[PDB]
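Shown next are two forms of a single protein chain, provided one at a time as structure tokens under the names structure 1 and structure 2.
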Structure 1
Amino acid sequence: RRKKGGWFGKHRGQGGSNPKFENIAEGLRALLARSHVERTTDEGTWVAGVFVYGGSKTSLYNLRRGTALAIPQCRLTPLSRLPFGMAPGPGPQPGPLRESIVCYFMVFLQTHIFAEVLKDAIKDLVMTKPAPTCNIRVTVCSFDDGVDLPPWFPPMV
């Protein structure tokens, strides 16, 4: 048939459970269970995370949602396009405002050891799969200053 609903009542950030994302999250947290890791931090301030890019859009988004479900203590940026970086060799370099076709999403965590573990787990999860999935590159982040947005200084929640 056609798309079962254009608009589902879910704005940005309204992400529910789904069997595909459920399986992806289960695989990730099984990979994330290979080492003693902490899902959160006491202060819960976002100064680190994971950078994931490359590959097709529909695979990058699914990987983002899977990382979300696997770590309910994470913060995720939306996908967006990319520009073209510096080319190798002394030639005509591209413009700053140009739009590529490569997508990316960013992860906001608290610590960096766990962020490295998450990046490694995502790398393994991608490596287990073919399709555009392997084209999805992953790198690290370290927001030493902060991505501060007032995180409701933790009481009982």
Structure 2
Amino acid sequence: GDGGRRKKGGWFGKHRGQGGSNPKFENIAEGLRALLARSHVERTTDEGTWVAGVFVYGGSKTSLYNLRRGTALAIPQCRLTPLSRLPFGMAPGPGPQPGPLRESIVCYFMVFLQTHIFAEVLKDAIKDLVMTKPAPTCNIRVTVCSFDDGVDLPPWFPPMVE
């Protein structure tokens, strides 16, 4: 089972985005934190503009979700996107090409970082931990997404809670 070793699931609240540090995610975050410690760089820009992004992709949803949870704990000064699936690539050699809407089962998640320098550092760290993983986690891949305009993440989220 799960929560009770017998329930094997249920409604535990924790709505999408309500992630919490757990031994597994904390360990992943700890490893990523050590890799981030490798390079000393700022995370929050003065203008606080998310002009850089860490596009994680490939691997497996189980590996990606754990990496995403760990990345959040490892980097409090950043933003993460819910796992999404890449669209189909191209038909091999000759044959009918897939439609633009056509998407593959491959999952992915991009990490919004206001600074490009730290975005590069995070991408390197993610690769290091992903490579270290001997499980089907090394399959995970990441690419830098440089937003020239700079993705305008909603700079709200006030102390709305009473």
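Basically, rigid core = biggest C-alpha set you can superpose within 1.5 Å across the two forms. Every residue number counts along structure 1's sequence, beginning with 1.
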Checking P72 here: with the core superposed, does its CA move 2 Å or more between structure 1 and structure 2?
no
Once both forms sit on the same rigid core, is the C-alpha displacement of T111 at or above 2 Å between structure 1 and structure 2?
no
Determine, after fitting the two forms on their core, whether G89 shows a C-alpha shift of 2 Å or more between structure 1 and structure 2.
yes
With the core fitted, just quote the Cα shift at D42 between structure 1 and structure 2, in angstrom to one decimal.
2.8
Core superposed first, then measure: what is the displacement of the CA of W152 between structure 1 and structure 2, in Å?
4.2
